[PDB]
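Reading through the structure tokens given below for one structure.
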Amino acid sequence: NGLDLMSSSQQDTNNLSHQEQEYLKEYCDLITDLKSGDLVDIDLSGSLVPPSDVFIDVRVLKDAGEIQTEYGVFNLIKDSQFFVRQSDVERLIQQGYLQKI
Amino acid sequence: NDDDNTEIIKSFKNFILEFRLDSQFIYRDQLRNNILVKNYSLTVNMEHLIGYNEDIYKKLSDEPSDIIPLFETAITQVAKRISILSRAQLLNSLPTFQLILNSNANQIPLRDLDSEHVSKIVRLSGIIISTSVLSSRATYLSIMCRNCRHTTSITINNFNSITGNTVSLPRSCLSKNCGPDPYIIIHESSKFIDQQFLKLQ
Amino acid sequence: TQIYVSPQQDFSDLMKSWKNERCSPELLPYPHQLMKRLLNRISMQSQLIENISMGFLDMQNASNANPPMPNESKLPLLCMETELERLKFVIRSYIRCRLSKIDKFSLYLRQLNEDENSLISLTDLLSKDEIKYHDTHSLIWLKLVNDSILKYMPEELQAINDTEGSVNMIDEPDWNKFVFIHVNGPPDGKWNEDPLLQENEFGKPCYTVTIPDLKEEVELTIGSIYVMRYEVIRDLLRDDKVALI
Amino acid sequence: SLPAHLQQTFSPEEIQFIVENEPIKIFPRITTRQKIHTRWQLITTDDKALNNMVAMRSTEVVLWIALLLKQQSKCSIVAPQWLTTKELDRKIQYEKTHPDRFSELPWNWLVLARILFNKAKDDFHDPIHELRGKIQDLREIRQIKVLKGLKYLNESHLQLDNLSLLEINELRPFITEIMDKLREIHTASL
Amino acid sequence: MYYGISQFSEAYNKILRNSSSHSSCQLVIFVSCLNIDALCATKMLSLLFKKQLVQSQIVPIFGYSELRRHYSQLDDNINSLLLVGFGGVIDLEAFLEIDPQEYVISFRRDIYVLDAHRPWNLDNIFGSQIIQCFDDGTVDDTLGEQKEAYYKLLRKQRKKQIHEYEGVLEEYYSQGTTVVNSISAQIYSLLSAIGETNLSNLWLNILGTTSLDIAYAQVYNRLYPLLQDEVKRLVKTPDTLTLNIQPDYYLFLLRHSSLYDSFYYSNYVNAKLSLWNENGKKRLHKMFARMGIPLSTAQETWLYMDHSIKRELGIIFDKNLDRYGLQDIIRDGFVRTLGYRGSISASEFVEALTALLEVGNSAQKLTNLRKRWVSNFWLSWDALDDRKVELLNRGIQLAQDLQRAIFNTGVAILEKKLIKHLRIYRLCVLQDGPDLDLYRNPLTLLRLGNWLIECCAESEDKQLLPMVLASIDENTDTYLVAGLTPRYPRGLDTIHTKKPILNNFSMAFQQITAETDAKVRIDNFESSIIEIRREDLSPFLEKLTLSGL
Ligand SMILES: [Zn+2]
């Protein structure tokens, strides 16, 4: 998603030259810019697996508090199972907070 | 006499072609991959054999040496069926396929083998100490006579039930007034397999 | 396009264009009007679904009243949202593939654009955001490579667009790459009015293409899958005579 | 998208998607004929059939809508004419009697079969295992014919009149690269 | 009762009226971890709610503290809450400080408690409309007198009525904690009333009902005929799924271990013939010889063991077991077969599940233990489906190992004679020994205690005394103590089965903790299991000796 995700790939990014790091920052700038224009409705950094099913089982991987969604709220209790819509949790799954697709 | 052999071969072929777990026919895929890489062999797990049917396992348990060749020729029949086109009627360089078993029965130590285990399937473990060099064994012999001078072919299976188990040479000729056994072995145009001996301690 | 018979025709054209671009070894033109219609369609459909969902929600939360009947309520909007997700996936894949392609051939298309005799202009093949992407990315990469290495290079060979000496550094697309095709025939329902197709024994209308290197002639019939090099087939593809697979 | 050269061919998921994007016949369980209610009003499918359906009458809907209704109890998928023993028998006979031409079979071969076997296990008239075995036999026979035909690979072109989707997809890279190398050699020689 | 069995479906409908939504998880379920019936009921409910596409979430908990914390974590968006396997015998309102006026709107968020323990709170039933349960059919008949006093008690001569009401309430209380019905049985009754019965539901019902054979044989014998009739009401192609009533025996993994090891480890035969010393083994060998099975043959796997004697095993047992009096080992059970995969039985499957729950994979260590328990529970849950069998073979082998370890420790206990016979209740403490780290699990400790009480019952002693068992974990320096009730011999008539033996240990523990400031921690959903300190154990025990039981 063009955010470099230093909080959670490599941890230090020290194995890259300074010129490479500023190039990476510029590319992240372009990535953020591209989806801000005519294509605002479609996230270019979304998934690439074709949507095949609507309801899937989701099992928690890391603990957090509660997270709101549209018309509801999900509480990320540690090590529980959800029966939720596919098109809601792909962002979390890419973040690594959910498992067992 | 032939009807029992045909029934047994048909049953084994049905087991090979009909066994499936989930959505996979395991043994057919094994045969395909084996034929592709020129490993003419098949591996049977005994638990699958028991689960599919128990009577075939009983027959394999009773008389192993009499039964195994039927299975090892049913395998080659199925392989010819599912690897070569009939083209509405060639090389056919497919020998008899080797059958290899695996099981998980109770181990029996060497010193516990006695007269009650004769002609039975047993499982054991030891240590290997000495290995002999390779040797040749005939499976398809071209046989020629001297007086009548006709050609014949003898097919040899490598399994022995009795100590002899060998038809040395047919008595008399095939139809004049030849000798007892006027036959010779034509060394060219014959098929040979490899054999080795091992010692266990 | 000039007008739509139906949005489903638009969807079919979009899917065919995506398939053609995925396997093509050369950057194809940009179908502006199709996505011009499609983005408006998506926005209007999203507005409608949001409006109806908000209506259900606020009639439910203003008072307990009666919950919506489970039949004819959940499944229709479920279908709408899943179809919208599917279409968004398709468009995203198409756009990302085009972005990668323009990533690969950046210098070649830039050097082509400045050519005055070249009748093809960069404006048609690319969208405006793609143009800004290309130019900004090229400048960024040139700055990086100039700072890292070219600063130490002698005056003779500092340029990264040299086309002299031993090896040229412009990656032209491989026009000869073998591709899988399916002879769809003429888009007309008559499928017999083209001045190009001929006939053989038992009818079998066919097109005759020629390869200059092999000095041969190859026959292509309707309903047959072939494996043919891309160079001899550009015109049939751009005229929608044959569809790649 | 690149993601390790995924920009040159199709993944099996994309093939499954592009196959489920196809129309099929259905046998509905419920009725939603208009009061003479919510409009379906989709954007990539004629909603007229969806709006105008009545129970126990055949109608055509796209595949994934039928699958979704089959996940609920509002559906009854009607199998095509392929998925029966007496048609597969004549098909396998045709392959056996013609050792050079692939039998006539559509692009969606074996994919609709997999999907219907996975989901619509109960609506068939034939036992599932028989059909699965016959389909496996067809797969093996066509695989053998493909290996036989692949022996000769001209540098000019080739004709594969009756290959299905997955069979082309799996073989695309090897064939393409081999002919590319051969063409490069020939062109370099001149 | 609040919800009779004749109205369960109505409550189901209520859920659909309140929780069935599009983009809002409006139903959360709490499950009593470390219990089999709760797991079976949860699986049935998960399948049912996956059918109608009702979004949901499953939450495992271990102790009342976690219940309180997670309830505090809840949000008002949750219209309906489920609790299964606990929370019956305590007042949740006094527990979770529910304000009835806060939730009235109706009372908004409904909570469904579903448990089986019979000494369950009277106020929690008759005083609250926010809390609402599924009676098994107990209030309509048994509580026909207790509710009158509560209704009355919710001019100087009227004190007699107050005294009578107080006496009635006291008489109702001060009783042991028992279980008289299975959760899965009620769930399957609801399923049958609806019309969604199938083979998976029947299998889960059978598992739930047969998990109680060890401790509640009376309940098992009451519930068996319904299962038999239901399974009667409902060429070997590779898709066959057969459920059968085949004879089966009280044998530890008969169809996966050798017959010799099966007899050797079977708890009933152990109790009947004292196999922990030499005479037991001698009698076992005599039994095998008189049967006629060779000692080399009987030590082979059940698959490869001889077919003829496999067929004749029933007749062999019938003709031989009478002399040793073990004929109570033969019973009728259920067998499930899936094509060519093999055969399995309910007892073997539940033992595998129990072992998988036991083994898998100060305050901080306690939290780590309580979280690995939940992880093991979820692993056992995933093991249920038919697409996985590598999570069942492992369970079977671990069950073998755990039974071996339990037998090895029990023989040492009975050899050292650590069982001290006091005036009221027997006592034994595992001060030192091997493999003590395993017994930190309450279910493992209960298994050990079940074997011990079986052994004690199968003797010439004519005294039925409660048993107290303790362990030690040097890391925490605490004693884990569990109270066990006596059990009648299994081969006993039903006339001397008027009432099951109750359990007063929870009441005794709570009274002692209320009257003295011991350093205990009573947080297990099973109220008969507590944790105590090493220095605090002995005086505490003295108190328990001197207190009225
Ligand atoms: Zn002769």
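Following the order of the structure tokens, chains are lettered A, B, ..., residues in each are numbered from 1, and ligands are numbered from 1.
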Taking only C-alpha atoms and all ligand atoms into account, which residues have an atom no farther than 8 Å from ligand 1? I'd like them as a ChimeraX atom specification. /B:145,147-150,173-178
Residues of chain C within 7 Å of chain D: nearest atom pair and distance (Å, one decimal) for each, counting only C-alpha atoms, sorted by chain and number, as a tab-separated table?
residue	atom	partner	partner_atom	distance
C:7	CA	D:44	CA	6.2
C:8	CA	D:44	CA	4.7
C:11	CA	D:44	CA	6.7
C:22	CA	D:7	CA	6.3
C:23	CA	D:8	CA	5.5
C:72	CA	D:37	CA	6.1
C:73	CA	D:38	CA	6.9
C:76	CA	D:40	CA	5.7
C:80	CA	D:42	CA	6.2
C:93	CA	D:1	CA	6.8
C:96	CA	D:1	CA	5.5
C:97	CA	D:1	CA	4.5
C:100	CA	D:1	CA	6.3
C:177	CA	D:180	CA	6.4
C:178	CA	D:176	CA	5.8
C:224	CA	D:161	CA	4.6
C:225	CA	D:161	CA	5.1
C:226	CA	D:159	CA	4.7
C:227	CA	D:158	CA	5.3
C:228	CA	D:157	CA	5.3
Given a cut-off of 12 Å, which residues of chain C touch chain E, counting only C-alpha atoms, written out as a PyMOL selection string? chain C and resi 53+56-57+60-61+63-71+73-78+81
Keeping only N, CA and C atoms, write the selected residues to a file as a CSV table (one decimal), in the first residue's frame.
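Done, and the output landed in out.csv:
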chain,number,residue,atom,x,y,z
C,53,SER,N,-29.2,1.2,1.5
C,53,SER,CA,-28.7,0.7,2.8
C,53,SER,C,-28.9,1.7,3.9
C,56,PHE,N,-32.6,1.7,4.9
C,56,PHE,CA,-32.9,0.5,5.8
C,56,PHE,C,-32.4,0.8,7.2
C,57,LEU,N,-31.2,1.3,7.3
C,57,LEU,CA,-30.6,1.5,8.6
C,57,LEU,C,-31.3,2.5,9.4
C,60,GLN,N,-34.6,1.4,10.6
C,60,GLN,CA,-34.4,0.4,11.7
C,60,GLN,C,-34.0,1.1,13.0
C,61,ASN,N,-33.2,2.2,12.9
C,61,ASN,CA,-32.7,2.8,14.1
C,61,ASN,C,-33.6,3.9,14.7
C,63,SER,N,-36.8,3.7,15.0
C,63,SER,CA,-37.7,2.9,15.9
C,63,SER,C,-37.5,1.4,15.6
C,64,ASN,N,-37.9,0.6,16.6
C,64,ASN,CA,-37.8,-0.8,16.4
C,64,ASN,C,-38.6,-1.3,15.2
C,65,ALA,N,-39.9,-0.9,15.1
C,65,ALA,CA,-40.8,-1.0,14.0
C,65,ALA,C,-40.7,-2.5,13.5
C,66,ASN,N,-40.6,-2.8,12.2
C,66,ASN,CA,-40.5,-4.2,11.7
C,66,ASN,C,-39.2,-4.4,11.0
C,67,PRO,N,-38.4,-5.4,11.4
C,67,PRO,CA,-37.2,-5.7,10.7
C,67,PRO,C,-37.5,-6.0,9.2
C,68,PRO,N,-36.5,-5.7,8.3
C,68,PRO,CA,-36.8,-6.0,6.9
C,68,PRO,C,-37.0,-7.5,6.7
C,69,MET,N,-37.9,-7.9,5.8
C,69,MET,CA,-38.2,-9.3,5.5
C,69,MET,C,-36.9,-10.0,5.0
C,70,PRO,N,-36.6,-11.1,5.5
C,70,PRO,CA,-35.3,-11.7,5.1
C,70,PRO,C,-35.3,-12.1,3.6
C,71,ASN,N,-36.4,-12.5,3.0
C,71,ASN,CA,-36.5,-12.7,1.6
C,71,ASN,C,-36.5,-11.4,0.8
C,73,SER,N,-34.5,-9.3,0.3
C,73,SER,CA,-33.9,-8.1,0.9
C,73,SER,C,-32.3,-8.3,1.0
C,74,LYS,N,-31.9,-9.4,1.6
C,74,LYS,CA,-30.4,-9.6,1.7
C,74,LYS,C,-29.8,-10.0,0.4
C,75,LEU,N,-30.3,-11.0,-0.2
C,75,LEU,CA,-29.7,-11.6,-1.4
C,75,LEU,C,-29.6,-10.6,-2.6
C,76,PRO,N,-30.5,-9.7,-2.9
C,76,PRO,CA,-30.3,-8.8,-4.0
C,76,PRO,C,-29.1,-7.9,-3.8
C,77,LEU,N,-29.1,-7.2,-2.7
C,77,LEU,CA,-28.0,-6.3,-2.4
C,77,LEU,C,-26.7,-7.0,-2.3
C,78,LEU,N,-26.7,-8.3,-1.7
C,78,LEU,CA,-25.5,-9.1,-1.7
C,78,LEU,C,-25.0,-9.3,-3.1
C,81,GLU,N,-23.4,-6.0,-4.5
C,81,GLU,CA,-22.1,-5.7,-3.9
C,81,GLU,C,-21.0,-6.7,-4.4
Extract, using only C-alpha atoms, all DNA, RNA and protein residues at most 12 Å from residue 171 in chain B, discarding same-chain residues fewer than 4 positions from it, and format them as a ChimeraX atom specification. /B:145,167,178-183
Output for the residues just chosen: N, CA and C atoms as a PDB file, in the first residue's frame:
ATOM      1  N   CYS B 145      15.560 -76.680 -31.520  1.00  0.00           N
ATOM      2  CA  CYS B 145      15.861 -78.100 -31.580  1.00  0.00           C
ATOM      3  C   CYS B 145      16.933 -78.382 -32.628  1.00  0.00           C
ATOM      4  N   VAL B 167      11.055 -75.977 -15.363  1.00  0.00           N
ATOM      5  CA  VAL B 167      10.910 -76.894 -16.486  1.00  0.00           C
ATOM      6  C   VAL B 167      12.204 -76.787 -17.285  1.00  0.00           C
ATOM      7  N   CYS B 178      12.784 -87.704 -32.613  1.00  0.00           N
ATOM      8  CA  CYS B 178      13.964 -87.045 -32.069  1.00  0.00           C
ATOM      9  C   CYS B 178      14.420 -87.778 -30.807  1.00  0.00           C
ATOM     10  N   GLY B 179      15.398 -87.207 -30.108  1.00  0.00           N
ATOM     11  CA  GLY B 179      15.911 -87.793 -28.894  1.00  0.00           C
ATOM     12  C   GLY B 179      15.092 -87.406 -27.681  1.00  0.00           C
ATOM     13  N   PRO B 180      15.657 -87.601 -26.484  1.00  0.00           N
ATOM     14  CA  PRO B 180      14.935 -87.231 -25.258  1.00  0.00           C
ATOM     15  C   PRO B 180      14.671 -85.737 -25.150  1.00  0.00           C
ATOM     16  N   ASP B 181      15.734 -84.936 -25.189  1.00  0.00           N
ATOM     17  CA  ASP B 181      15.637 -83.482 -25.049  1.00  0.00           C
ATOM     18  C   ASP B 181      16.645 -82.830 -25.983  1.00  0.00           C
ATOM     19  N   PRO B 182      16.335 -82.767 -27.285  1.00  0.00           N
ATOM     20  CA  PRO B 182      17.267 -82.215 -28.275  1.00  0.00           C
ATOM     21  C   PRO B 182      17.144 -80.703 -28.444  1.00  0.00           C
ATOM     22  N   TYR B 183      17.178 -79.975 -27.332  1.00  0.00           N
ATOM     23  CA  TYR B 183      16.970 -78.536 -27.335  1.00  0.00           C
ATOM     24  C   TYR B 183      18.224 -77.811 -26.871  1.00  0.00           C
TER      25      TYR B 183
END
At a cut-off of 12 Å, which residues of chain A touch chain E? Count only C-alpha atoms and give the answer as a VMD selection string. chain A and resid 54 to 61 64 to 88 100
Selection above as a file: C-alpha atoms, as a PDB file, in the first residue's frame:
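Result file is result-v3.pdb:
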ATOM      1  CA  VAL A  54     -18.631 -14.242   0.163  1.00  0.00           C
ATOM      2  CA  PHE A  55     -18.596 -15.842   3.644  1.00  0.00           C
ATOM      3  CA  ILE A  56     -15.380 -17.356   5.001  1.00  0.00           C
ATOM      4  CA  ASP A  57     -14.114 -18.467   8.393  1.00  0.00           C
ATOM      5  CA  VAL A  58     -11.498 -16.236  10.018  1.00  0.00           C
ATOM      6  CA  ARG A  59      -9.369 -17.120  13.049  1.00  0.00           C
ATOM      7  CA  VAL A  60      -7.587 -14.426  15.053  1.00  0.00           C
ATOM      8  CA  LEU A  61      -3.776 -14.317  15.069  1.00  0.00           C
ATOM      9  CA  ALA A  64      -6.076  -6.011  19.866  1.00  0.00           C
ATOM     10  CA  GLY A  65      -9.073  -4.108  21.180  1.00  0.00           C
ATOM     11  CA  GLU A  66     -12.249  -3.618  19.153  1.00  0.00           C
ATOM     12  CA  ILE A  67     -12.365  -2.313  15.582  1.00  0.00           C
ATOM     13  CA  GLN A  68     -15.365  -0.666  13.947  1.00  0.00           C
ATOM     14  CA  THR A  69     -16.685  -1.584  10.513  1.00  0.00           C
ATOM     15  CA  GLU A  70     -19.595  -0.352   8.424  1.00  0.00           C
ATOM     16  CA  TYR A  71     -22.825  -0.916  10.416  1.00  0.00           C
ATOM     17  CA  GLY A  72     -20.958  -2.925  13.069  1.00  0.00           C
ATOM     18  CA  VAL A  73     -17.845  -3.375  15.181  1.00  0.00           C
ATOM     19  CA  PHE A  74     -15.369  -6.261  15.423  1.00  0.00           C
ATOM     20  CA  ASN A  75     -13.613  -6.936  18.725  1.00  0.00           C
ATOM     21  CA  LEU A  76     -10.229  -8.572  18.101  1.00  0.00           C
ATOM     22  CA  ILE A  77     -10.220 -10.903  21.073  1.00  0.00           C
ATOM     23  CA  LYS A  78      -7.194 -13.189  21.035  1.00  0.00           C
ATOM     24  CA  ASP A  79      -7.624 -16.580  19.343  1.00  0.00           C
ATOM     25  CA  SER A  80     -11.269 -16.597  18.297  1.00  0.00           C
ATOM     26  CA  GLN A  81     -13.126 -17.459  15.101  1.00  0.00           C
ATOM     27  CA  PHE A  82     -15.302 -15.200  12.953  1.00  0.00           C
ATOM     28  CA  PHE A  83     -17.932 -16.024  10.334  1.00  0.00           C
ATOM     29  CA  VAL A  84     -17.761 -12.772   8.365  1.00  0.00           C
ATOM     30  CA  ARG A  85     -17.893 -11.382   4.842  1.00  0.00           C
ATOM     31  CA  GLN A  86     -14.848 -11.886   2.626  1.00  0.00           C
ATOM     32  CA  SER A  87     -14.669  -8.276   1.408  1.00  0.00           C
ATOM     33  CA  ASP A  88     -14.189  -6.848   4.922  1.00  0.00           C
ATOM     34  CA  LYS A 100      -6.957 -19.337   8.374  1.00  0.00           C
TER      35      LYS A 100
END
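Between CA of residue 85 in chain B and CA of residue 148 in chain D there is a distance of 9.7 Å.
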Quick one: residues within 10 Å of residue 147 in chain E, only C-alpha atoms counted, chain neighbours fewer than 3 positions away excluded, as a VMD selection string? chain E and resid 122 to 123 125 to 126 139 143 to 144 150 to 153 165 168 to 169
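Computed from the coordinates, the CA of residue 357 in chain E to CA of residue 34 in chain E distance equals 7.1 Å.
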